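I have placed the structure first, in the form of structure tokens, so that the comments after it can refer back to it.
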Amino acid sequence: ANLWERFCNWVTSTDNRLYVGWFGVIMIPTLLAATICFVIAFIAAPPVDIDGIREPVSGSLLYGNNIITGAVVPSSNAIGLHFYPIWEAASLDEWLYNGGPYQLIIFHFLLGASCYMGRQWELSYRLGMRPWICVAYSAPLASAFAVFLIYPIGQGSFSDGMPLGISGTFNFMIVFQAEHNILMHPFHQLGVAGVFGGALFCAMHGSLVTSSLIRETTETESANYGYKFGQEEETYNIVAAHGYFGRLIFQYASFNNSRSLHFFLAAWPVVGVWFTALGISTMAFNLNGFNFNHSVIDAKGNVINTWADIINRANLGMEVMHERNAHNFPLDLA
Amino acid sequence: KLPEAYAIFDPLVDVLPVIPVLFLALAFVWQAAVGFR
Amino acid sequence: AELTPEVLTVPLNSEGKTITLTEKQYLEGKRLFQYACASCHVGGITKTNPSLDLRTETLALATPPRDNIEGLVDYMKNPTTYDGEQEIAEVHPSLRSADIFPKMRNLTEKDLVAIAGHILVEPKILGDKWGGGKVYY
Amino acid sequence: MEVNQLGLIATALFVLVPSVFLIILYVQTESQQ
Amino acid sequence: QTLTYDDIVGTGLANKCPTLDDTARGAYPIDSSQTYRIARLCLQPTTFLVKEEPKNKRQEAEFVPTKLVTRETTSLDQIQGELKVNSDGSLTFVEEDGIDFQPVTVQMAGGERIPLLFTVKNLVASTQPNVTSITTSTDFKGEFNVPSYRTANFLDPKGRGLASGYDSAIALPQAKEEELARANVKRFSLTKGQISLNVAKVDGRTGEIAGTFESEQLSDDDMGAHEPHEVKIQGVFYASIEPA
Amino acid sequence: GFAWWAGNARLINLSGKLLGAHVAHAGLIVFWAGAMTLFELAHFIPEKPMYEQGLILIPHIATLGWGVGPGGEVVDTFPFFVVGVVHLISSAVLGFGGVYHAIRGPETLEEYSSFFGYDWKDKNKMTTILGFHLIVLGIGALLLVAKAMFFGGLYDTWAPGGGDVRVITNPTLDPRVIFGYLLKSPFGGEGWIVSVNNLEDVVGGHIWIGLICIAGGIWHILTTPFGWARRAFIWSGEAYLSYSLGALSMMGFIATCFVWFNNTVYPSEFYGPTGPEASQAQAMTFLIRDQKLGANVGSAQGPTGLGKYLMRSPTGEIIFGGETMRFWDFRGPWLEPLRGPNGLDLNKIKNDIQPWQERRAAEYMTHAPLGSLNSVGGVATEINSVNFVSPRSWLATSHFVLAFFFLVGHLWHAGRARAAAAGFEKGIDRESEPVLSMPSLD
Amino acid sequence: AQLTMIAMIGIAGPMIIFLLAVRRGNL
Amino acid sequence: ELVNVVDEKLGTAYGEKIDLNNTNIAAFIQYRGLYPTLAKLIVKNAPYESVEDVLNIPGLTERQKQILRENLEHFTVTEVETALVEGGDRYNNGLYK
Amino acid sequence: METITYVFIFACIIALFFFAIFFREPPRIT
Ligand code: CLA
Ligand code: CLA
Ligand code: CLA
Ligand code: CLA
Ligand SMILES: CC1=C(/C=C/C(C)=C/C=C/C(C)=C/C=C/C=C(C)/C=C/C=C(C)/C=C/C2=C(C)CCCC2(C)C)C(C)(C)CCC1
Ligand SMILES: CC1=C(/C=C/C(C)=C/C=C/C(C)=C/C=C/C=C(C)/C=C/C=C(C)/C=C/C2=C(C)CCCC2(C)C)C(C)(C)CCC1
Ligand code: OEY
Ligand SMILES: [Cl-]
Ligand SMILES: [Cl-]
Ligand SMILES: [Fe+2]
């Protein structure tokens, strides 16, 4: 009945339409700050000197951008990894030119999304659930940390953090490939397997359950009305699902235990995506994709090109053109 | 290089750092033998 | 194509005398060049002064000529600037500066020849790629 | 910007026509129960 | 007594010129014979004024103030040159070297960014005749060069440049090119600027002087893309003199 | 109740077999320290910088002052051998206690002696075990102080004259300095505790931590947890493991940044230059090259309008130009002679650059921590030739990976510990589903 | 000469298991 | 009326000889004895009224005068082009390999 | 006009969110 205790009970109430929780106490303000700044900058921020060379890139809609080309532009390379809050600028005009909004948005977002993951733990405890859904979300969350925080740290600049834009994203993945040969990096190859594989097993499992739905309806109505929310019996025939799938391949490559099947569904993309997040996080320290440039030579010592060499010619074209005005010296060491 | 009087064990030493790995492999031979109990 | 004696045959001195390396010497030189030199001279370029490379035409025009075993073995002993006017042992690996460039400490005289040999043969095999840079990768 | 003038009508109709259709089917569904 | 890097770093004092005691109202006398150098000339701007464009005839727009957006990156320093005595006692300073340029961008009211190459490159500044002493009424007046803000290798966002780059609008392959010649052909501008330096403090003991400056010069013309603005720069300066 | 694949969870309430697990695993750790060191020495070649050679353990020994003299010149390899042997030998003793306690000793300890036995829920016994280990840890940190002050010193990359071993006679005791580090921003130009740049502060902080750890060790032996701590924590073995997994994760992230940025307790002489270091070294290299040819590097305007060689930082310091503008916070013993109080001094650059600085810059620029997974050095477009990945890249990436999974491990075990404590870790009770007794949201 | 000492180390481990089984031990 | 001055300079002797008034210093490596030492002198003492002015650079050893004489036929002078000499571009023009 | 269009659509999505969450068909048991 005490004031603090009644507050505590409202924060942790399982009766709020949206759960707040103690993690929510930090998430809500920070996601609101990041969302509100993001929306306003995307529409109306003036151009930002991403690469510190007094060459501002225009990222917002009112400055001639569309949904596809617009972005919140990363802060100035002149700032590197220095903290640049609003109150460190002589004025908002300076803060805008140097890319201040990017920093505000990413720090609040990373914080708020971290608390999002904790909030998933918390409500699961309040509801008497097992606790590990948050572990599934750590795979996307790690990915966001890698491109917004870890890769700048290792490279020394939020200017090389991933842009908050559709085409900005593409600019980031093109430069990454030329500086790190990410395609030839095995952790990225595991991400692709995690993502291709994840979409495959999504399709498989959805098609396998859907194929074995038990007839509960007529042809004039959605089969979906054959399931009623909360019903105790299962709504498909898993043995029929197993009997089709086991024969499509062979018996023992098919799951007859739904718990093992669903845990496999969880782990495959989560682990692939951990690796591909690890990939970005370790290429942040410049431990790059396999390099087989000129690895095949003939008896005389002529180079016999492979597909790795052709890839290298593409990487080279990306390297020499990216940030065409920023380099004064012959090696792009960061 | 090693001091000369140990010259002898040079190729044993090229192998020693991998032995900790063998203990993980070894835990799977043990479980294969006991039936993954 | 293969590593024939014609290719392994390089000027010894500026008189015009020639010397024919063995396949052994050539692969010796390549190994040694990777050990002592490639950190700056991978592919016949010079990462720390890209204006000066190891193409044979460049060496030929150096003072004293360096397009021959003698000039190159001498360079590894007492390196000079391209015009010959100053000795640069203080800032270039050399036998004369092996106290400060410790990798040169175990280079023997025939190692120098293999290295100089590698440098003269490689343009014959690789052509423009040697000293050409990334354009030719 | 020198943008396609028909973009606007195209976008508007692309939004309005399929949306109006869904609304029509929802409201008449509700007038049944 | 003075400060170390670790005392200054990150404070913003690295962008500030050295100042003279408010007691330093001396005079530095000039051996008509002996020669002299400036071992260090420092110029710290404090104000950036841009000339508006008045649209009509006899209105002539004004110098309006601007907001700096490029931070504490504005000062010229470590400059040096000959300090000569002319026949008539005028002194002439001839710039030789130094950090004699800084790119700056100021923001006009309404959003327009105005970049410029704040510079004293190749400065030659003279005094009146009959000097014989540098005093708290000595004025230098002179002129300097203002090279193009971008130099020749600079590539615009479509890859077009002067010493490098595309010579056309490659995204518009069959467009009529005469509309686009101003944007396609880059030009290297070289213009003059003017500067007054007003000595207001002198340490007769040490040869250090300090005061105020006003320079006028052109802003960036983006390699001929557009017309420049006129810029007036006010700030403070400091210099040390040595018998060469 | 645990399957074979979670079989080590069967040791949770078997204190004797679990002791053997820990001690045998501690032997594995000491084994690898020993074996790896001897492998590195077997392969070590003294004329070659360590960082051309794949070494991660020899550099840690050299850094304590053994085997090296001025400049990191390796003078004596025997200390390296000794360290390997004693570690390798000591792991047999730990191996021996390990397999003994794990297979033959008493499964559970608490019946043998009431001293070594424990129950996870015995909050008093647990803080006592904690305290003993705190005192041990405190002792260890003072061992470092003893080596630095009484048994030969430490390698000091900053020592005047190119670096050398030096005895630390005046450790920083001022807590404004020691704990000042703990309150610096972790962002650029500040760098939290990673910026520690002199051995006085390193030795001094290890005095503090040793004393703090001993003090706290005695505290926890002598006390029991207060009620506010009783009510905020989960008291169980899994819960304690989860607490430590989080701490290990945090520490691994710190070490990653340490080895990537700090060139004091990871001297560049041994580990290679940092990313920032190498990037600054390239600007130094061409500044030197161009100035010798007659360029006036102070007045040379680059393509963008910014200085080609020198510009200002956002607070005005004179700094290296080009992309490396981003690395102006870098400080290294080869560079600081050129720095005045406005940053890089143009008159020192013109007049006072020494050949050893030209050499160090050329070397560090050509040994930047960039490399492929198969150890081809340089940018990713470089051809094969140079077999090199920097020890710092190997050390940063490995420990980022490890730190990340330990964080996952912390979430895994912390969540499980909570649910096991409340009794729903095995699933929802069908007859008592919490949500079915809650009001509907809407 | 990397079979005069290695092969024996890799065999060491599986041999402990072939001797504890075939002599029924607490595995 | 809008001309690229660099392209236009490629239509002059600048396009065929080393231009003592404009060419980057790296071009003095294509003829022996000229780099780095004479190259450094030529560049710093530019600009030159005609090719033969190089021999009037003070401090020349008679050996240096001989090399310059040997190479005068590989030099030219055109008007200084601002675009090629500003920004220290004669010492470093942005081109490596 | 293109800016108005993009923001308008985004604004509609955000309002749709509001109704999807707070004016959903409420799930009902068995
Ligand atoms: C201090 C570290 C530590 C400790 C003591 C424990 C202890 C425990 N964990 Mg935890 N765990 C940790 C770290 C730790 N964990 C980390 C970092 C993670 C995240 C990856 C986890 C994730 C985790 C999960 C998901 C689960 C546990 C479980 C458990 C329990 C049973 C584990 C078992 O039998 O494994 C048996 C060991 C194996 C099956 C072998 C795994 C081998 C790995 C995956 C391969 C690594 C290979 C290597 C990278 C390269 C190979 C090279 C090649 C040559 C062979 C036990 C209480 C279980 C539990 O909750 O029970 C209470 C459980 O389900 N752990
Ligand atoms: C660091 C690795 C590590 C360690 C130290 C342990 C330790 C332990 N495990 Mg776990 N375990 C591990 C990894 C590890 N495990 C992994 C990777 C898995 C997944 C495959 C498991 C799966 C697992 C299961 C499923 C079970 C255990 C159990 C046990 C305990 C009893 C084992 C027993 O009686 O076997 C007896 C085994 C033998 C008699 C075979 C010989 C084994 C010896 C020790 C080989 C060592 C050889 C070495 C070279 C000798 C050097 C000698 C010299 C030092 C003197 C023991 C404390 C059991 C348990 O908790 O029981 C209650 C149990 O049921 N473990
Ligand atoms: C932290 C590790 C640890 C812990 C907690 C224990 C705990 C225990 N052991 Mg185990 N043991 C260990 C390590 C450990 N041991 C190791 C490494 C070995 C192999 C050398 C053994 C071998 C062993 C045997 C053979 C037996 C035990 C027994 C016991 C029990 C009785 C101990 C006693 O009264 O001894 C009396 C205590 C002493 C004589 C004091 C010893 C002081 C040591 C030698 C010095 C410690 C200093 C420092 C910590 C070492 C580091 C030095 C190094 C870094 C250079 C007890 C539960 C007994 C048991 O359970 O029987 C059923 C038993 O028979 N232990
Ligand atoms: C291995 C280390 C270790 C561990 C695991 C513990 C564990 C514990 N300590 Mg002991 N403690 C230790 C070392 C350790 N202690 C040492 C060395 C000392 C001497 C200084 C103490 C002194 C001490 C006292 C005086 C007390 C405890 C208490 C406790 C209990 C409550 C802990 C708690 O709530 O912390 C959680 C901490 C908080 C809720 C507040 C901490 C806020 C910090 C500042 C956050 C900073 C995190 C940030 C991201 C990292 C940057 C650091 C920043 C300073 C720059 C718990 C059993 C309490 C108890 O019950 O004792 C009987 C108690 O009152 N500890
Ligand atoms: C050595 C050295 C040094 C020093 C150091 C030091 C002195 C440190 C300290 C450190 C410390 C001092 C640390 C601390 C830490 C802490 C932490 C890390 C915390 C944590 C916390 C937590 C985790 C909590 C949580 C919670 C909450 C919040 C609520 C309720 C629940 C709980 C309890 C869970 C120097 C740098 C000088 C130099 C070098 C060396
Ligand atoms: C230092 C030293 C030493 C020591 C050593 C040791 C300590 C040993 C150990 C060793 C060991 C410890 C061994 C182990 C081995 C193992 C292995 C070789 C394993 C194998 C495995 C496998 C191959 C597997 C398979 C499988 C199974 C079984 C099931 C599932 C599936 C799979 C496929 C995974 C000595 C004495 C020499 C002396 C000198 C020095
Ligand atoms: O890849 Mn290429 O490297 Ca990482 O910096 Mn150097 O150039 Mn620039 O700033 Mn963004 O980008
Ligand atoms: Cl780009
Ligand atoms: Cl650069
Ligand atoms: Fe399902």
Side-chain angles (χ1 to χ4, degrees), chain A residues 50-53 74 77 132 135 138 151-152 154-161 163 171-172 174-176 178-180 267 271 274 286 318-319 322-324 326-327 331-334, chain B residues 18 21-22 24-25 27-28 31, chain F residues 1-12 15-16 18-27 30 86-87 89-101 104-106 109-110 112-113 115-117 129 132-133 136 139-140 237-238 241-242 244-245 248-249 279 322-324 326 370 379 401-413 415-417 420 425:
Chain A
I50 182 173
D51 293 320
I53 61 187
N77 193 42
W132 293 305
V135 181
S138 81
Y151 186 73
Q155 300 301 303
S157 197
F158 294 111
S159 67
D160 279 343
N171 178 262
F172 178 80
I174 292 168
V175 183
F176 211 103
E179 302 190 336
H180 302 296
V271 174
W274 282 344
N286 300 327
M318 292 166 231
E319 163 188 327
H322 89 298
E323 302 172 352
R324 60 203 190 272
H327 316 85
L331 282 177
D332 186 11
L333 306 162
Chain B
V18 188
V21 174
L22 288 187
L24 179 68
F28 276 92
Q31 277 303 303
Chain F
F2 293 95
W4 70 263
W5 46 263
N8 289 332
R10 296 167 183 179
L11 302 158
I12 289 188
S15 56
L18 187 68
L19 172 68
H22 286 113
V23 178
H25 177 273
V30 183
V86 172
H87 279 91
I89 288 288
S90 286
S91 81
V93 188
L94 301 163
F96 191 86
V99 317
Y100 162 71
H101 280 279
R104 168 52 70 178
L109 297 180
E110 24 291 327
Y112 190 105
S113 184
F115 175 98
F116 295 98
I129 302 185
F132 297 142
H133 293 160
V136 164
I139 283 152
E238 186 161 34
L241 171 68
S242 84
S244 304
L245 285 172
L248 282 191
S249 167
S279 173
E323 250 192 354
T324 213
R326 75 172 56 165
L370 288 72
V379 304
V401 172
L402 296 153
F404 168 78
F405 283 115
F406 270 54
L407 192 44
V408 177
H410 165 69
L411 300 168
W412 178 269
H413 284 295
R416 208 189 171 276
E425 84 280 19

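What you see below is based on every heavy atom in this structure, not just the backbone, and it leaves out hydrogens, waters and symmetry mates. Just follow the structure's listing: the first ligand is 1, and inside any ligand the first atom is 1. Lettering of chains follows the sequences in order, A, B, ..., and the numbering in each one begins at 1.
Annotation: the span from A:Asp332 atom CG to F:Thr324 atom OG1 amounts to 10.5 Å, rounded to 0.5 Å. Rounding to the nearest 0.5 angstrom, the gap separating the CD atom in A:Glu179 from the CD atom in A:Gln155 is 7.0 Å. Annotation: the span from A:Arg324 atom CZ to A:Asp51 atom CG amounts to 9.0 Å, rounded to 0.5 Å.
The two residues A:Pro152 and A:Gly161 have their closest heavy-atom pair at CG-CA, 3.6 Å. Listed here is the closest heavy atom pair of A:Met318 and A:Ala178: CB-CB, 3.4 Å. Closest approach of F:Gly27 and F:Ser91 over heavy atoms only: O-CB, 3.3 Å. Closest heavy-atom contact between F:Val23 and F:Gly98: CG1-N, 3.9 Å. Minimum heavy-atom separation, F:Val379 to F:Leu370: CG1-CD2, 3.7 Å.
Considering both main-chain and side-chain atoms, A:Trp132 never comes within under 3.5 Å of ligand 1 through any nitrogen or oxygen pair. Checked by distance only, ligand 1 and F:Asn8 come closer than 3.5 Å through their nitrogen or oxygen atoms. Considering backbone and side-chain atoms together, F:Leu245 places no N or O closer than 3.5 Å to any N or O of ligand 1.
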Query raised in the report: Should F:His101 and F:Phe116 be marked as a ring-ring contact (aromatic ring centres under 6.0 Å, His included) after you check the CA-CA gap, both sets of side-chain angles, and the distance that decides it?
Result: CA-CA 13 Å; F:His101 280 279; F:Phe116 295 98; 8.8 Å; no
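Between A:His322 and A:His327, the ring-plane angle classifies as tilted under the 30° and 60° cut-offs. Aromatic ring pairs are classed by plane angle as parallel below 30°, tilted from 30° to 60° and perpendicular above 60°; the pair A:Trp132 and F:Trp412 is parallel.
Inside a sphere of radius 2.8 Å centred on atom 2 (Mn) of ligand 7, the protein N/O/S atoms present are A:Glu179 OE2, A:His322 NE2, A:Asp332 OD2.
By the criterion of a heavy-atom distance under 4.0 Å, the side chain of F:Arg326, and not its backbone, is placed next to ligand 7. Contacts between A:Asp51 and ligand 7, counted as non-hydrogen atom pairs separated by less than 4.0 Å, involve the side chain only. Using a 4.0 Å cut-off between heavy atoms, F:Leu241 contacts ligand 1 through its side chain alone, with no backbone atom that close.
Ligand 1 places these atoms under 4.0 Å from at least one heavy atom of F:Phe405: 17 (C), 19 (C).
Side-chain atoms of F:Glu110 and F:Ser15 form a donor-acceptor pair, as typed in the model, at a separation below 3.5 Å.
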Give a table of atom pairs where an N or O of ligand 3 lies under 3.5 Å from a protein N or O.
| from | atom 1 | to | atom 2 | distance (Å) |
| --- | --- | --- | --- | --- |
| ligand 3 | 9 (N) | F:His101 | NE2 | 3.0 |
| ligand 3 | 61 (O) | F:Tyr100 | OH | 3.0 |
| ligand 3 | 64 (O) | F:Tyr100 | OH | 3.2 |
| ligand 3 | 65 (N) | F:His101 | NE2 | 2.9 |

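In this structure, the side chain of F:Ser249 does not engage the main chain of F:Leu245 through any donor-acceptor pair within 3.5 Å.
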